[PDB]
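Here is the structure we will look at.
Lettering follows sequence order; numbering is per chain, from 1.
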Amino acid sequence: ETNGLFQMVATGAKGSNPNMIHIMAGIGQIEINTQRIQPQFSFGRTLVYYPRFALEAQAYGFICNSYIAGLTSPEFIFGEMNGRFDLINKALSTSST
Amino acid sequence: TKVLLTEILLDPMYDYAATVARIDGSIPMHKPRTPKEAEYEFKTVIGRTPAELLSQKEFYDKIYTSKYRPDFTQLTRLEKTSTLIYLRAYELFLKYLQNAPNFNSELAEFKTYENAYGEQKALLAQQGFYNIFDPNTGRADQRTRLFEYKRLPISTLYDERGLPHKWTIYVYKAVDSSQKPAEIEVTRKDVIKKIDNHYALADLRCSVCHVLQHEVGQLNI
Amino acid sequence: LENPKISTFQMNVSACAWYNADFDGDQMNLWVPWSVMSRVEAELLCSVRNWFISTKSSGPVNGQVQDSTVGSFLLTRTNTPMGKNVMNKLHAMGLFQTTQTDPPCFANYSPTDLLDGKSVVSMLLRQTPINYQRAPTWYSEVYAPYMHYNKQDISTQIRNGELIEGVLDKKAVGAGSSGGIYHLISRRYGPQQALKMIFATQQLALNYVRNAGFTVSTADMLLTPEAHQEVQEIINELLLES
Amino acid sequence: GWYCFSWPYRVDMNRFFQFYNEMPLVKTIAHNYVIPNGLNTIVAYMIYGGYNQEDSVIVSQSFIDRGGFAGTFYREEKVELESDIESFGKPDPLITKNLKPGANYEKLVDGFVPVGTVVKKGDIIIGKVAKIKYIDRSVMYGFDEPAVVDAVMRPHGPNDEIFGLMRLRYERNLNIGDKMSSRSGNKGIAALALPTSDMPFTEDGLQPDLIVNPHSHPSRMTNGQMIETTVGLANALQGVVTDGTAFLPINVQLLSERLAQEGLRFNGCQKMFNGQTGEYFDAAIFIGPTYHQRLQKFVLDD
Amino acid sequence: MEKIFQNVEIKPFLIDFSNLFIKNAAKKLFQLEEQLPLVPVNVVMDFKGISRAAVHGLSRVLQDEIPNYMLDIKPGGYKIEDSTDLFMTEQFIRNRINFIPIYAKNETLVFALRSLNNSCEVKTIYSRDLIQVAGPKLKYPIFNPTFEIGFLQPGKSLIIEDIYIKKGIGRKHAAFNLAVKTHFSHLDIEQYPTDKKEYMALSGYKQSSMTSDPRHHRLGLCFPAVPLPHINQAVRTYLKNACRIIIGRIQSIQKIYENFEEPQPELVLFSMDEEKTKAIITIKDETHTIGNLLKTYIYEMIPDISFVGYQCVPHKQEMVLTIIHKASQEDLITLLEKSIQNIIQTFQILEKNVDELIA
Amino acid sequence: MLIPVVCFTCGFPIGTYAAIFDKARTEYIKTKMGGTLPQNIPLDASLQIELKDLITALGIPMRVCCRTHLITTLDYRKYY
Amino acid sequence: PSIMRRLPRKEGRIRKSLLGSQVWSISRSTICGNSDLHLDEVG
Ligand SMILES: [Mg+2]
Ligand SMILES: [Zn+2]
Ligand SMILES: [Zn+2]
């Protein structure tokens, strides 16, 4: 009845349900081309922060935190990997079209 | 004369020497408004007239030299402390242009002096800083609301028969005790058709093992 | 614009849908036809009422965007956090003092009479009476378990321009909404009549919010301590499955 | 901002010197090494008349008048001569051929417009005649906004040949169409400027410098801007400047309880009144100091 | 005898010399141990039996619609030949000087600023360096001497002549603003405790603004520069001036209403039906103050009116008041004249009470 | 380049107390800075420097805008 | 420089001069929002 963030989303003025979830609850798995984070840092490591052949989901782009709570350094790097694609594809949506 | 005056009026050295001359009253505080004023300022600053300048081949030997010669040996840390820095900086600049002996050591000495002076000036430029302290501790607050991993019991995902939970049944309890019936169990489709503002969502129920979510710890792990 | 300190091309926010434009620094071209032949062609062929219905998608292009969408919801909402969503005669008259249409008649109203938001909206839709019955964007089966919907808000019905019940939001008044209020007004009264009603309903919504208020704060995005623990438990169950 | 500390000694092109700059109330470690550029504008996150939609923003006209984001904009005019063919001087109509039609040659003094005069479109700023009797190779001020001649010199080029250097200044206040931004990347165009009595105000008299749409948040998810307002709101009342550097430990729950410790509400929202009608809104409004920065994209130049 | 507003509270803003840092800084900056000649004054007023249109119009007029004075530089006053400082530009110094709050008696005073920096350190130019060069000699200062006008690099100068007193309203330029808002509330509407987390999203009043009609208000405004020994004389004057201003503007519309037989561009009359009359009053450069006052009092006079509205459009610089009523043209004009007379009487009573309350 | 003459937001005469407020600040900071070098003061992580009572003793009200612009405004004399 | 080099590309004769045009009597400016204008009006 009073929350302005919910009313903007629920009425259709602006935003979606995953936007509220990302802000308030958690971002979840970062997917690029329908895949997790590929091991690109030297054969089995995704970043310098995780070991080789790491099994935990955090090592492959699972962001456990929300935006209100703040992201750790590895979560911000995986978030920048996903957000760089948006900027690249926006530039390509002009020339390729 | 005119081309030489136009050449030298664009020299930063000329502006610096003219400023030093204005400080101690050797030239008027206003820019020259007449050719006579410009000639006088040039003679005072450069030390010779334009005609006697090109006559010969010296240029830096007679550029203004400040009148008050303060004691820069109190720049050894020991109005003042800012007049000294300015005048000694101009004097050392003039010494640099003249390739004076022992210039390189005096430059480092004055560099240390002015580094201390810049330390003072950085103290003057401070606007304050604050750290929110955790009352339990006595230093910067490290309390966060970040995610903390914790291995939950396996019964939070499976029942005593090895099947996963399906939290698709919503259990609603009457807010007021006189309301009848006390509880209603509905799925998402029938929430709008059977539940009004007289009820509150109490818990979710599993549609397989029929357990309340808060009563999932009663399962034998 | 007679003000000599304005250098911008200004337009209504509902006109931005024609150009895929916004106000982050977009620049637009403008030329005025000086030839008689081009002036005739401009107003008979190229007027923006001719592109109210999309050539690409065969649906309306314009509607409410972001402020008359949530503003229309607030105006037509049944209950305010302070009781019934009603307003006295003076404040009902104040919603129409900007629409630039012919003011309605409030003569059969005492100063202490209370008018709800659907009566004020109906006073504007009587000019272009259409028929509409769809569920609003407000009602989502996703939100239904965890929030109490008012049964008068989840069924939007308009009969000959009378808003019988329901709220107005993106489904009814939003830009690009096929079968919406302005799509139906266009099909019966013309695309120029639809553009006039988009403006008029936008002024009702904006004049309502200018007394009701609308904001977003940091606390709107903050979970309770109990809800944060429940979110952590859910994520721990995801990592348990992983 | 202060684009250079030695700006008066320079003749640069398209350079803006903003007079007033502020340290953010919520600053970062980056401000130990660079000078901050911007102001701690009070921002209300509300719908006000529909003039703040789609990246639009409502600015206080009084904030503009007092020098908020105001500064001076500079342009240069470098004109070279040919060796002994061309020269600087006032052309005379009797013996000079192809003077510019409808151009003002009366502001020239010894070939250059003197420092301190206002030059408008169609004025000759540098007089230049080539001898064949003379061809008018003059330079006209072709800009729709007037300038003031700030500095004139005749320096010597690499080939020891005189060329004319002119600096023109523009008193640039914030105006409709100019672009501002927050440090979270939310950029907007100044759409409407309201007087003091037309801006909304709280019960305690606080009014915003900017009114930004709440609809700029939910899709953009610039949450660091909302936390900054919450933290800076308590910073101003407490009289402090805190650090908001990325990856430092924060707790929005504890930062919100810090507001109630200082006498405000938990959410930082206040009772507000409409400045035009004098009536209160039914919802409390989130208003507080948010560091905003003017982007050097001027509507007068575009 | 209608006592519309009572219980005025006047309180200056003073320097607390008990604080040792402030005391020492003031002493070794300005040799200052007493209060400044001009102090800000907070005035809180309680109005009863009056609509919020009138009280808010009074507030708006006191903010930025009352004639006020500032210091400005006449063209050519900034001496380019004499001002050798490269950082104190005319735009910067002019903006600083425009916003020094003055309490002037006449527009004849002319000041000058002649600063020389014969030292090796940067020299700050304060307001105590503004010397008066024309007008009768001041017996009391018109501005405080503690304003940092500027600063000069070593060896630089700043000469500014022809600094004069200029008149205007703050609606055009903010340097003519007079009062800043410090408080506004309604005393006849109950309020929730908004520190509670179930009320903090609401304004606090227990009645919606769409329905409420308060008649008892508290308004607090701060005046930025008032002489210490004459505070009560200044505040009273200010208040009275505001009332006159409103009355004058209202009287302007009374000149239109009594020329409705004569064709007039500011008043259009329609006979929509044989019984319904429409009036449209378009006034240039008018604001929400007069429009809201007119709408409120016309509504009070004609409770069963068909329509009344006061659209003030920002890009048109116009107030357009539309009135639709079921009377004839003569009856409508008589009712409108009665409404205007009610406004005039209300603000005359406000002047009377201002005189009665402030000693 | 200086603390503004009036508050940018509301127009309260902030500047008449600016100079005093500046110098008092330095003294107050000289009381709390400790052994940390001046340029590292915004990095100490143990400082709690509150100017609330000083600005109150100046007579400036408890307005958010006025104290914001008084506290945060950069002085060009301190950087050049 | 050659005669046929003027033709081919986007900056060439056909695309820059023939399929497009520099024109007179035209204005450009930054756009801004205004809720008092009708949808078929431009300020
Ligand atoms: Mg854009
Ligand atoms: Zn189960
Ligand atoms: Zn203020």
Side-chain angles (χ1 to χ4, degrees), chain C residues 1-3 5-6 10 12 90-91 93-101 103 199-200 202-204 206-211, chain D residues 47-52 58-62 176 191-201 211 273-279, chain E residues 51-54 56-61 63-65 169-172 245-246 249-250 252-253 256 265-268 279-299 307-324 336 339-340 343, chain G residues 33-38 41 43:
Chain C
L1 310 174
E2 308 290 329
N3 194 3
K5 267 166 172 333
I6 292 174
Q10 301 188 359
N12 204 342
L90 184 65
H91 287 89
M93 266 179 330
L95 301 188
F96 291 93
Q97 69 190 358
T98 284
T99 66
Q100 299 175 191
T101 62
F199 180 82
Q202 163 176 350
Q203 304 306 317
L204 254 47
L206 289 172
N207 287 334
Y208 182 86
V209 179
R210 93 150 61 269
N211 210 341
Chain D
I47 295 174
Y48 205 66
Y51 296 94
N52 54 0
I58 304 161
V59 193
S60 186
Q61 178 62 49
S62 293
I176 306 308
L192 182 72
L194 294 176
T196 291
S197 53
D198 287 333
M199 299 288 297
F201 60 102
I211 305 171
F273 293 83
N274 192 356
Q276 303 163 2
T277 63
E279 312 184 5
Chain E
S51 64
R52 87 193 139 190
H56 186 63
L58 186 72
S59 175
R60 288 168 59 93
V61 163
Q63 293 169 36
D64 63 340
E65 298 170 359
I169 65 169
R171 182 168 61 93
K172 306 299 184 183
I245 292 302
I246 284 164
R249 290 162 70 194
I250 291 296
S252 294
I253 298 136
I256 278 70
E266 298 132 57
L267 171 55
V268 184
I280 295 168
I281 299 99
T282 304
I283 317 293
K284 230 74 180 53
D285 227 26
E286 274 298 329
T287 61
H288 295 273
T289 301
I290 298 301
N292 214 16
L293 266 171
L294 283 170
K295 180 173 74 70
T296 292
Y297 280 62
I298 289 162
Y299 186 59
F307 187 80
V308 60
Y310 79 110
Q311 190 181 9
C312 296
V313 172
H315 72 82
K316 295 184 74 64
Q317 281 106 16
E318 285 177 354
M319 186 273 286
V320 185
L321 185 75
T322 304
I323 305 158
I324 301 171
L336 299 190
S339 305
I340 280 179
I343 301 173
Chain G
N34 192 334
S35 62
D36 287 323
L37 297 173
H38 285 266
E41 285 174 349

Original post:
Quick one: does D/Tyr51's side chain get under 4.5 Å of C/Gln10's, heavy atoms only?
Top reply: no

**OP:** Would you give the length of the straight line joining atom CG of E/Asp285 to atom CD of E/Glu318, rounded to the nearest 0.5 angstrom?
**Re:** 10.0 Å

Original post:
Who pairs with G/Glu41 by side chain to side chain donor-acceptor pair (under 3.5 Å), at least two apart in sequence or on another chain?
Top reply: none

**OP:** Walk me through it: do C/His91 and C/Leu95 pass the test side chain to side chain contact (heavy atoms under 4.5 Å, CB included)?
**Re:** CA-CA 7 Å; C/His91 287 89; C/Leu95 301 188; over 6 Å; no

Original post:
Would you say the side-chain atoms of E/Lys316 pair up with the backbone N or O of E/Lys284, donor to acceptor, closer than 3.5 Å?
Top reply: no

Subject >> Main-chain N/O of D/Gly275 paired with E/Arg60 side-chain donor or acceptor, under 3.5 Å >> reply: yes

Subject >> Which residues share a side chain to side chain contact (heavy atoms under 4.5 Å, CB included) with E/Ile256, sequence neighbours left out >> reply: E/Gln264, E/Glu266, E/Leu267

Subject >> Interatomic spacing from CG in D/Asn274 to CZ in D/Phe201 - rounded to 0.5 Å >> reply: 8.5 Å

**OP:** Check whether any side-chain heavy atom of C/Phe96 lies under 4.5 Å from a side-chain heavy atom of C/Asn207, and answer yes or no.
**Re:** no

Original post:
Quick check: does any side chain N or O of D/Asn52 sit under 3.5 Å from a backbone N or O of D/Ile58, one acting as donor and the other as acceptor?
Top reply: no

Subject >> Shortest non-hydrogen contact from C/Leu206 toward D/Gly49 >> reply: CD1-O, 3.7 Å

**OP:** Look at the side chain of E/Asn292 and the backbone N and O of E/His288, then say whether any donor-acceptor pair between them is shorter than 3.5 Å.
**Re:** no

Subject >> Reported CD-to-NZ distance for the pair D/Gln61 and C/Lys5, which is rounded to 0.5 angstrom >> reply: 8.0 Å

**OP:** Quick one: pull up CD1 in C/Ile6 and CG in C/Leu1 and give me the separation to the nearest 0.5 Å.
**Re:** 5.5 Å

Original post:
Is E/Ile281 close to E/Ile323 at the side-chain level, that is, under 4.5 Å between some pair of heavy atoms?
Top reply: yes

Original post:
Which pair of non-hydrogen atoms, one from E/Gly291 and one from E/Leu321, has the smallest distance, and what is that distance?
Top reply: O-CD1, 4.4 Å

Original post:
Can you name the nearest heavy-atom pair linking D/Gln276 to E/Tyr310, along with the distance?
Top reply: O-OH, 4.2 Å

**OP:** Provide the closest heavy-atom pair for D/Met199 versus D/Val59 in the form atom of the first, atom of the second, distance.
**Re:** SD-O, 4.2 Å

Original post:
Are side-chain heavy atoms of C/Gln100 and C/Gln203 found at a separation under 4.5 Å?
Top reply: no

**OP:** Evaluate the side-chain proximity of C/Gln202 to G/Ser35: yes if any heavy-atom separation is below 4.5 Å, no if none is.
**Re:** yes

**OP:** Decide yes or no on side chain to side chain contact (heavy atoms under 4.5 Å, CB included) for E/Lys295 and C/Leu90, but give the supporting numbers first.
**Re:** CA-CA 9 Å; E/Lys295 180 173 74 70; C/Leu90 184 65; 3.5 Å; yes

Original post:
Can you tell if the side chain of E/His56 reaches within under 4.5 Å of the side chain of D/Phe273, non-hydrogen atoms only?
Top reply: no

Original post:
Under 3.5 Å, side chain of E/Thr322 to main-chain N/O of E/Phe307, donor-acceptor pair present?
Top reply: no

Original post:
Counting only N and O atoms by type, is there a donor-acceptor contact under 3.5 Å from the side chain of D/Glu279 to the main-chain atoms of E/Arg52?
Top reply: no

Subject >> From SG (E/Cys312) to CG (D/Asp198), nearest 0.5 Å >> reply: 8.5 Å

Subject >> Heavy-atom closest contact (E/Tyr299 atom, C/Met93 atom, distance) >> reply: CE1-CE, 3.8 Å

**OP:** Indicate the atoms forming the closest heavy-atom contact of G/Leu37 with C/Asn12, along with that distance.
**Re:** O-ND2, 2.9 Å

Original post:
Does D/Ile211 reach the side chain of D/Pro200, with side-chain heavy atoms less than 4.5 Å apart?
Top reply: yes

Subject >> Step-by-step side chain to side chain contact (heavy atoms under 4.5 Å, CB included) determination, E/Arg249 to E/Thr287 >> reply: CA-CA 11 Å; E/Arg249 290 162 70 194; E/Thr287 61; 3.1 Å; yes

Subject >> Non-hydrogen side-chain atoms of E/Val308 and E/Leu294 separated by less than 4.5 Å >> reply: no

Original post:
Listed by chain and number, what are the side chain to side chain contact (heavy atoms under 4.5 Å, CB included) partners of E/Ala54, not counting sequence neighbours?
Top reply: E/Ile50, E/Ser51, E/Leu293, E/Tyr297, E/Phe347

Original post:
How long is the span from the CG atom in D/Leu192 to the CD1 atom in D/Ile176, to the nearest 0.5 Å?
Top reply: 6.5 Å

